[PDB]
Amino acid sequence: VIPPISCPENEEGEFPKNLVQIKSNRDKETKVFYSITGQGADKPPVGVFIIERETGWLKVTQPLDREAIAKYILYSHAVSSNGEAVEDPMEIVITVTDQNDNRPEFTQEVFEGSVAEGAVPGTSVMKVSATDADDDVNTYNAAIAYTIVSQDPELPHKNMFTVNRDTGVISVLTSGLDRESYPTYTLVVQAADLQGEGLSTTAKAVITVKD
């Protein structure tokens, strides 16, 4: 039974690239011919994986996209030159491993929040949310750090609010909210993957100051 096969997505270089060479010990008696079935082989996405029919080299023909298909299940077939299957179809599983090629994206372009002017600092005001298509499970490619890029107006302070790096909850950072003077704030919030270090997106948090 065939070992787990793994192919990083977004691969460059010359294609196709060998993945694994499948064999039949059922093939010294007979010349075996290999083929594969499954999505990625004969079924959409067709042609992503091929197998050299005389050698049993399974190859990937193009760069993969983990966010499109992370796991391929293919079946190899070993057929005699005489036209008889010499073995049961062998399942072949190809895991596509993640690259950090999706930038975080906010679920909204503009989040709306409201805070009472007298809200004590540390008061949660609102939440911004971002998603990342990359591999939350096995990488930090989907690990999103939220930040506030800017606040307008910068009054009374540059930093009326703060955002929880992890949760995107925005809180009153300081006192001084004054609905009469500054009815509203526009925060530009950033979501960066790799835990803030990676790829970035921005969104607006419009925060209305209430009585």
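Position 1 is the first residue in the sequence shown; the rest follow in order.
Novice: Per the PDB record, is the mean Cα temperature factor higher over 38 to 46 or over 165 to 173?
Specialist: Looking at the recorded C-alpha B-factors, 38 to 46 comes out higher on average.
Novice: Averaging the C-alpha B factors as listed in the entry, name the stretch that ends up higher: 198 to 206 or 6 to 14.
Specialist: That would be 6 to 14.
Novice: With respect to the C-alpha temperature factors reported in the PDB entry, which of 93, 130, 126, 119 ranks highest?
Specialist: Most elevated C-alpha B-factor of the set, per the entry: 93.
Novice: Go through 145, 148, 32, 155 one by one and give the residue whose Cα B-factor in the PDB entry is largest.
Specialist: Most elevated C-alpha B-factor of the set, per the entry: 32.
Novice: Within this chain, which third does the Cα B-factor at residue 140 fall in: lowest, middle or highest?
Specialist: It falls in the top third of the chain.
Novice: Residue 86's Cα B-factor: lowest, middle or highest third of the chain?
Specialist: Within its chain, residue 86 is a highest-third residue by C-alpha B-factor, going by the deposited values.
Novice: Using the temperature factors of the C-alpha atoms in this entry, rank residue 106 within its chain: lowest, middle or highest third.
Specialist: It falls in the middle third of the chain.
Novice: Check where residue 21 lands among this chain's C-alpha B-factors and tell me if it's the lowest, middle or highest third.
Specialist: As the PDB entry reports it, the C-alpha B-factor of residue 21 lands in the middle third of its chain.
Novice: Using only modelled residues of the chain, where does the Cα B factor of residue 184 rank: lowest third, middle third or highest third?
Specialist: It belongs to the lowest third of the chain when residues are ordered by C-alpha B-factor.
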